[PDB]
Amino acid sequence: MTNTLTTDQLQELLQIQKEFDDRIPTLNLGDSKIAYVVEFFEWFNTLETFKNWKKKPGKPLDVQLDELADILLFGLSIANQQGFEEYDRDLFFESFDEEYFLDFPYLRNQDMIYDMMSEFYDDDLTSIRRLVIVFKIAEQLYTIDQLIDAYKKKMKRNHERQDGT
């Protein structure tokens, strides 16, 4: 568990997503952006920081990671659809390294979801920012390693589905 993300790791993830999306003819960037937000809320719903009525709020770790991996899926798809070049990659690592406001205590505050919504309805939300958000969550609440593992598992199953196996 390095809990770090390398250039080669990111490039591999983008390549994995690309191979799967190439098999989706109706691929629609506007729809992918909406799916990103919907999947984000589903992940947020597994964290359960607003569910005061629960004895043990928070779903099992493997469930939370699986729902987080959905956010990553659409984040990678959106990046690929917009053309993720070497200079986009550099800006991503700079933005990721120097993000100051997405740390553990902030992400554990249930009011964080209002800030996220303020980003989500802005036309100018970048594909880079969407990726920074999902990797900071992994880095801060989980590990980047488990997120990558859950996503790769999911995509293997996804290829089996589209293969009819």
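Sequential numbering from 1, following the sequence displayed.
For the pair 30-38 and 48-56, the record assigns the higher mean C-alpha temperature factor to 48-56.
Between 96-104 and 112-120, the higher mean Cα B-factor belongs to 96-104. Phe20 sits in the highest third of its chain by CA B factor, as recorded in the PDB entry. When the modelled residues of the chain are ordered by C-alpha B-factor, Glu139 sits in the middle third.
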